[PDB]
Amino acid sequence: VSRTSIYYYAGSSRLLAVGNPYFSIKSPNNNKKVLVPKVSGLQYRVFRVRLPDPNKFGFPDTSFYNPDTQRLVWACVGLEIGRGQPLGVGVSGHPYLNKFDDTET
Amino acid sequence: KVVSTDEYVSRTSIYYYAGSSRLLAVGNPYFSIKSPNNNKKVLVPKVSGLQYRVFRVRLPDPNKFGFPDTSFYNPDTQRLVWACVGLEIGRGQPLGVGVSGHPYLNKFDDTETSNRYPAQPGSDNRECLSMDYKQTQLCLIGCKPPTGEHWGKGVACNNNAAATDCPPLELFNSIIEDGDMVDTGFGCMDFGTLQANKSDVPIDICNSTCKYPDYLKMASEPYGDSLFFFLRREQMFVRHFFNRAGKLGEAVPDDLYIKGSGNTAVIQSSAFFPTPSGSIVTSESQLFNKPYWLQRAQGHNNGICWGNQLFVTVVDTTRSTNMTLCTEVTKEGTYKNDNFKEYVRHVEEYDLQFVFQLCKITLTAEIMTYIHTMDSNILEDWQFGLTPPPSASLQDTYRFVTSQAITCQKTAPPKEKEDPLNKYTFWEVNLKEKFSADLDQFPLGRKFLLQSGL
Amino acid sequence: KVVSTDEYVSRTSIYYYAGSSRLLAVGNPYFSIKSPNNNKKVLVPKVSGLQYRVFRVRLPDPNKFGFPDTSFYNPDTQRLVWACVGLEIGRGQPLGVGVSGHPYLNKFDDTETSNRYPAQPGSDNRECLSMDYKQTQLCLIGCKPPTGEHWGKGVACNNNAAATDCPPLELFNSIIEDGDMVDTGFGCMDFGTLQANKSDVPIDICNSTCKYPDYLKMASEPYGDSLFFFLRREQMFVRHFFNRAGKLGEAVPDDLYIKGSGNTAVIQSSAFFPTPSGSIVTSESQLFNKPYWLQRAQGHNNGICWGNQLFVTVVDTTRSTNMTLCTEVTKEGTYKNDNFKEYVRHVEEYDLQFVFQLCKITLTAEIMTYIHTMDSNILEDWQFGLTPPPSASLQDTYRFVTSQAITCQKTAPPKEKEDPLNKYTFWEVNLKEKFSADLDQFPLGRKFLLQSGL
């Protein structure tokens with residue numbers, strides 16, 4: 001794979017999500033429609049990004065690349081995963097935890 | 001002062017093909033139907049052959065199509081804008097003409113061979129009577145939607161008021177929507193507001209107004225936005241003649257005849273009207289399935305499509321045989337009337353093909369202020385002059401967009417797009433994905449490479 | 001195409017130290033006491049540790065200066081603008097952290113060791129509690145006041161569905177005026193509108209709108225002139241845990257716990273909230289009392305301050321002690337409890353040094369368009385773009401003005417209304433009459449000459 005000297009910044013709008021921290025609430029009565037989705041501070045966020053295919057950009061330049069043989073693929077030489085909310089922790093428990101006795105002292 | 005477009009638009013040699021995969025339309029040929037619970041819910045739309053099936057297309061902006069190759073063009077001095085050098089309006093449905101009507105048409109009597117005196121009086125004499133159209137075909141391009149004329153009611157001055165009861169008339173101009181009606185041979189006026197009887201036009205135009213283009217107004221513009229290339233062909237001939245029933249407005253003067261006596265003493269009516277009827281169709285006089293090549297347009301905007309859209313308005317009444325259906329209620333051994341329900345349908349297939357061309361303009365002092373005259377909006381979306389800065393500031397989107405009780409945004413837009421065509425409807429076809437820099441693997445690629453000698 | 005600020009200005013080499021006095025502020029840390037007789041007579045203002053101290057310096061203009069060596073400022077087309085190259089924000093109080101706490105906090109139970117069934121009912125269980133806050137330090141500098149997000153209410157929806165009853169949530173971009181309480185670990189939400197009993201957050205917060213400075217947007221502004229330089233450091237950790245006392249609205253689904261009987265026939269709440277607390281606050285992790293030489297700001301605005309102002313925002317929490325005074329009424333010889341009356345007071349103390357540098361701005365026909373489209377107010381102060389006022393000879397002058405041929409004369413236009421920023425209470429420092437040119441007689445010019453290779 002040979003590299004060139006063409007670069008391309010890409011962006012992303014400030015995407016966010018608001019919900020209930022413990023359990024999702026499905027709707028009365030239908031169980032296929034959600035009302036407040038379960039979001040938290042523990043779940044694996046997995047962002048899946050898409051790219052635009054570089055074979056459909058360039059109007060044809062035979063000196064640059066010959067489309068009978070070569071093709072084009074991207075790379076990656078940077079990242080910055082910004083975060084916005086102010087710092088702080090949070091808790092969660094049970095109304096019915098199984099704790100028989102204390103045993104520390 | 002106005003100049004033609006070959007003086008600031010240059011041309012080059014990077015052609016491109018577009019494909020616009022096979023479109024269809026199915027519906028009732030007569031009207032539409034709604035739900036009894038909600039009349040704002042459509043069930044089957046009205047699609048017949050007699051409607052201006054105007055398609056506006058979308059183009060990819062030619063500034064995304066690019067690399068940092070600057071020796072070709074420098075992107076703070078130049079810009080890029082497309083061109084149209086081909087067309088093929090294909091229709092893949094076999095021929096034949098369908099006939100319409102209205103179940104309660106006004107008809108006093110016939111007037112062909114015998115009107116024996118006197119006439120038979122009656123209160124209602126509305127009958128069912130089927131009646132065809134005027135066969136016509138046309139095609140038209142444009143970077144702006146095509147205008148159109150029709151006869152409309154105006155406001156009347158009420159000063160003299162000596163002896164008239166007929167209200168006078170006025171000419172309008174508008175912009176043609178898809179689903180607008182075409183001429184049938186009965187003038188070009190309103191058919192909901194000037195007709196109290198509701199019973200003189202077949203049911204397709206019993207409520208709507210029909211429009212007909214005028215080639216005078218659009219061509220006489222400075223730039224000729226509404227035309228690139230247009231055709232026209234129609235033919236009709238009268239077959240039967242009748243007269244209206246009812247109280248005619250103004251009687252004829254008495255001295256232009258002799259006062260009859262007896263059964264001819266009472267005057268008859270005279271409000272004659274014909275029927276339009278189509279001749280033979282062929283397959284030698286079809287305006288479709290053949291590639292036009294715009295060598296030179298008629299107006300001034302010769303090829304340039306400003307703002308990356310262009311409008312194609314097609315109409316045909318030779319591929320409109322009313323598809324007829326039927327079903328079953330109960331079974332028998334013998335025949336019965338009431339074992340069947342029947343239905344009518346119509347389908348009208350299409351295709352569009354295009355071959356485009358890359359054309360860069362330069363942008364210096366007097367050309368910047370010439371394009372800043374014809375319209376203003378075509379120098380905002382080029383983003384050349386930084387008159388809006390603030391587009392680079394990021395806006396927040398949302399995960400879980402619909403039905404959450406979080407704060408809702410269900411199409412309450414604070415003017416993002418502001419296209420002035422938003423008020424009108426248009427059959428749309430997107431092309432944002434389907435270019436190709438290679439021609440000969442496609443149909444019009446091969447017809448173009450033979451015609452150019454390449 | 002925005003361009004950075006080293007391709008249309010040019011630095012001269014004469015430096016001007018400045019420096020403010022020793023600011024103070026003495027007040028109440030919780031609430032601002034008004035007059036009983038009048039709503040608008042403050043006695044002691046509300047100053048605490050937990051606020052955004054936002055100063056506004058106002059530099060004296062460089063064009064009103066008089067120099068003999070007029071070899072640099074050719075007054076034909078040029079102007080002068082101030083650059084900033086140094087800073088130091090003093091503080092003047094010992095290390096000590098103070099607490100806050102409501103008298104009617106919503107602390108029903110405790111949930112760390114043992115919450116033994118059954119619950120103890122009663123229709124009132126509020127009590128007084130207190131906690132330390134999330135300690136933090138930050139510092140900004142910019143030529144436009146800095147923005148900041150916070151969560152609040154919104155338009156709910158239309159009334160189609162009937163799911164449940166719940167408030168929405170929406171965030172807002174505003175401008176941080178002085179006086180807004182910083183967040184402290186209870187989220188950046190508006191406690192004035194979202195909450196209703198006003199008894200969950202401590203008293204100095206429960207009727208504010210706590211913000212948090214949006215570093216995510218202010219970094220990505222196009223011109224980049226609200227963020228020259230910013231530092232931050234904060235830390236917190238939980239101390240105890242409790243839970244509120246009400247009907248938990250979004251109820252617990254039954255599949256996530258197996259039911260019981262007998263003593264456990266009442267199901268308690270899962271509405272938890274932590275209580276934050278600061279760690280040790282050392283003096284190796286301080287941020288102030290040091291110089292900060294700007295070398296390359298993150299924006300395109302490399303230190304130029306248009307309009308001759310800066311906004312420095314400082315929030316500290318390491319020095320937020322609360323001194324308590326105690327005075328009595330009757331000279332007694334034994335101890336009582338109604339004999340004394342105590343008032344609590346909190347102080348504050350600042351300082352600012354600066355070191356500027358003037359740089360001339362050569363103004364051809366290109367650059368005057370550039371500085372125009374940023375905002376028009378910049379090119380109005382320099383008096384480079386003005387308009388011709390017409391008129392010529394009026395008619396209005398009488399001899400006597402208080403008579404009986406009266407035209408009822410009207411005067412005093414409010415025409416010097418131009419400042420948009422009158423809607424906000426800042427802190428003022430007038431630095432117009434305290435400049436200098438000999439740096440080395442001043443407690444930061446010595447630290448600048450050793451650094452800069454001189």
# chains A, B, ... in the order shown; residues from 1 in each chain; ligands from 1
>>> residues_around(residues="residue 224 (chain B)", least_positions_apart="6", cutoff="10 Å", atoms="only C-alpha atoms", output="list in words")
residues 142, 143, 144, 217, 218, 297, 298, 299, 300, 301 and 302 of chain B
>>> interface_residues(of="chain C", to="chain B", cutoff="6 Å", atoms="only C-alpha atoms", output="PDB file with C-alpha atoms, in the first residue's frame")
ATOM      1  CA  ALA C 156     -43.587  19.392  25.890  1.00  0.00           C
ATOM      2  CA  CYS C 157     -45.264  18.063  22.683  1.00  0.00           C
ATOM      3  CA  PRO C 168     -38.957  17.311  29.121  1.00  0.00           C
ATOM      4  CA  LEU C 169     -35.266  18.192  29.209  1.00  0.00           C
ATOM      5  CA  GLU C 221     -15.995  28.789  16.624  1.00  0.00           C
TER       6      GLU C 221
END
>>> interface_residues(of="chain C", to="chain A", cutoff="10 Å", atoms="only C-alpha atoms", output="PyMOL selection string")
chain C and resi 111+113-115+134+149-150+162-164+169-170+183-188+211-217+234-238+241+250-253+256-260+264+267-276
>>> residues_around(residues="residue 130 (chain C)", least_positions_apart="2", cutoff="9 Å", atoms="only C-alpha atoms", output="mmCIF file with N, CA and C atoms, in the first residue's frame")
data_model
loop_
_atom_site.group_PDB
_atom_site.id
_atom_site.type_symbol
_atom_site.label_atom_id
_atom_site.label_comp_id
_atom_site.auth_asym_id
_atom_site.auth_seq_id
_atom_site.Cartn_x
_atom_site.Cartn_y
_atom_site.Cartn_z
ATOM 1 N N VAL C 99 -18.026 25.110 54.022
ATOM 2 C CA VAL C 99 -19.094 24.166 53.757
ATOM 3 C C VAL C 99 -20.380 24.923 53.458
ATOM 4 N N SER C 100 -21.394 24.182 53.032
ATOM 5 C CA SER C 100 -22.711 24.726 52.756
ATOM 6 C C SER C 100 -23.735 23.682 53.149
ATOM 7 N N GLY C 101 -24.964 24.117 53.395
ATOM 8 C CA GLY C 101 -25.963 23.146 53.781
ATOM 9 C C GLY C 101 -27.335 23.688 54.094
ATOM 10 N N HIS C 102 -28.359 23.048 53.535
ATOM 11 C CA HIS C 102 -29.732 23.478 53.724
ATOM 12 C C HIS C 102 -30.185 23.166 55.144
ATOM 13 N N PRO C 103 -31.241 23.822 55.626
ATOM 14 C CA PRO C 103 -31.860 23.376 56.869
ATOM 15 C C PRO C 103 -32.952 22.342 56.685
ATOM 16 N N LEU C 105 -33.147 19.602 54.164
ATOM 17 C CA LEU C 105 -32.737 18.676 53.123
ATOM 18 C C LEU C 105 -33.616 17.432 53.149
ATOM 19 N N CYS C 128 -31.854 19.134 58.835
ATOM 20 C CA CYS C 128 -30.720 19.947 58.416
ATOM 21 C C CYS C 128 -29.480 19.082 58.238
ATOM 22 N N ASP C 132 -19.441 19.401 52.035
ATOM 23 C CA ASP C 132 -18.438 20.127 51.281
ATOM 24 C C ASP C 132 -18.731 19.968 49.798
ATOM 25 N N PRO C 202 -28.432 22.361 48.437
ATOM 26 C CA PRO C 202 -28.204 23.341 49.505
ATOM 27 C C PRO C 202 -28.577 24.761 49.110
#
>>> residues_around(residues="residue 52 (chain A)", least_positions_apart="3", cutoff="12 Å", atoms="only C-alpha atoms", output="PDB file with N, CA, C and O atoms, in the first residue's frame")
ATOM      1  N   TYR A   8      -7.773  14.971   4.665  1.00  0.00           N
ATOM      2  CA  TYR A   8      -9.197  15.280   4.677  1.00  0.00           C
ATOM      3  C   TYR A   8      -9.664  15.286   6.117  1.00  0.00           C
ATOM      4  O   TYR A   8      -9.770  14.224   6.713  1.00  0.00           O
ATOM      5  N   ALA A  10     -12.538  15.381   8.866  1.00  0.00           N
ATOM      6  CA  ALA A  10     -13.944  15.049   8.945  1.00  0.00           C
ATOM      7  C   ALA A  10     -14.436  15.464  10.307  1.00  0.00           C
ATOM      8  O   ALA A  10     -13.654  15.632  11.232  1.00  0.00           O
ATOM      9  N   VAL A  49     -19.005   4.340  12.444  1.00  0.00           N
ATOM     10  CA  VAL A  49     -18.973   5.420  11.476  1.00  0.00           C
ATOM     11  C   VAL A  49     -18.967   4.826  10.084  1.00  0.00           C
ATOM     12  O   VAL A  49     -18.574   3.679   9.876  1.00  0.00           O
ATOM     13  N   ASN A  55     -13.694   5.655  -4.670  1.00  0.00           N
ATOM     14  CA  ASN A  55     -13.714   5.428  -6.107  1.00  0.00           C
ATOM     15  C   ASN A  55     -14.729   6.293  -6.823  1.00  0.00           C
ATOM     16  O   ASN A  55     -14.711   6.336  -8.054  1.00  0.00           O
ATOM     17  N   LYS A  56     -15.611   6.978  -6.098  1.00  0.00           N
ATOM     18  CA  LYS A  56     -16.649   7.789  -6.715  1.00  0.00           C
ATOM     19  C   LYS A  56     -16.442   9.282  -6.507  1.00  0.00           C
ATOM     20  O   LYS A  56     -17.335  10.061  -6.843  1.00  0.00           O
ATOM     21  N   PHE A  57     -15.306   9.704  -5.953  1.00  0.00           N
ATOM     22  CA  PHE A  57     -14.993  11.129  -5.938  1.00  0.00           C
ATOM     23  C   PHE A  57     -14.505  11.617  -7.287  1.00  0.00           C
ATOM     24  O   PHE A  57     -15.198  12.360  -7.987  1.00  0.00           O
ATOM     25  N   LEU A  72      -8.574   2.720  -4.540  1.00  0.00           N
ATOM     26  CA  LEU A  72      -8.282   3.689  -3.495  1.00  0.00           C
ATOM     27  C   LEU A  72      -8.887   3.239  -2.180  1.00  0.00           C
ATOM     28  O   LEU A  72     -10.022   2.766  -2.151  1.00  0.00           O
ATOM     29  N   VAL A  73      -8.136   3.402  -1.089  1.00  0.00           N
ATOM     30  CA  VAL A  73      -8.636   3.170   0.260  1.00  0.00           C
ATOM     31  C   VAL A  73      -8.141   4.270   1.177  1.00  0.00           C
ATOM     32  O   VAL A  73      -7.156   4.950   0.897  1.00  0.00           O
ATOM     33  N   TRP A  74      -8.809   4.403   2.313  1.00  0.00           N
ATOM     34  CA  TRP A  74      -8.500   5.466   3.255  1.00  0.00           C
ATOM     35  C   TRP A  74      -7.316   5.099   4.144  1.00  0.00           C
ATOM     36  O   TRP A  74      -6.503   4.239   3.815  1.00  0.00           O
TER      37      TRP A  74
ATOM     38  N   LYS B  64     -18.008  18.849  -4.305  1.00  0.00           N
ATOM     39  CA  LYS B  64     -17.653  17.629  -3.594  1.00  0.00           C
ATOM     40  C   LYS B  64     -16.911  16.668  -4.510  1.00  0.00           C
ATOM     41  O   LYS B  64     -15.989  15.970  -4.077  1.00  0.00           O
ATOM     42  N   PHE B  65     -17.284  16.639  -5.782  1.00  0.00           N
ATOM     43  CA  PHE B  65     -16.557  15.868  -6.777  1.00  0.00           C
ATOM     44  C   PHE B  65     -15.228  16.547  -7.030  1.00  0.00           C
ATOM     45  O   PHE B  65     -15.143  17.387  -7.924  1.00  0.00           O
ATOM     46  N   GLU B 433     -26.602   9.478  -6.229  1.00  0.00           N
ATOM     47  CA  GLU B 433     -25.760   8.314  -6.077  1.00  0.00           C
ATOM     48  C   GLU B 433     -25.319   7.710  -7.397  1.00  0.00           C
ATOM     49  O   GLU B 433     -24.361   6.932  -7.404  1.00  0.00           O
TER      50      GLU B 433
END
>>> residues_around(residues="region 364-366 of chain C", least_positions_apart="3", cutoff="9 Å", atoms="only C-alpha atoms", output="number ranges by chain")
C: 77-78, 369-370
>>> write_last_selection(atoms="C-alpha atoms", output="PDB file, in the first residue's frame")
ATOM      1  CA  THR C  77      -4.104  54.314   6.568  1.00  0.00           C
ATOM      2  CA  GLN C  78      -2.758  52.427   9.606  1.00  0.00           C
ATOM      3  CA  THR C 369     -13.251  44.049   3.763  1.00  0.00           C
ATOM      4  CA  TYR C 370     -11.971  41.386   6.150  1.00  0.00           C
TER       5      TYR C 370
END
>>> closest_residue(among="C:314, C:374, C:265, C:439", to="residue 91 (chain C)", atoms="only C-alpha atoms")
C:314
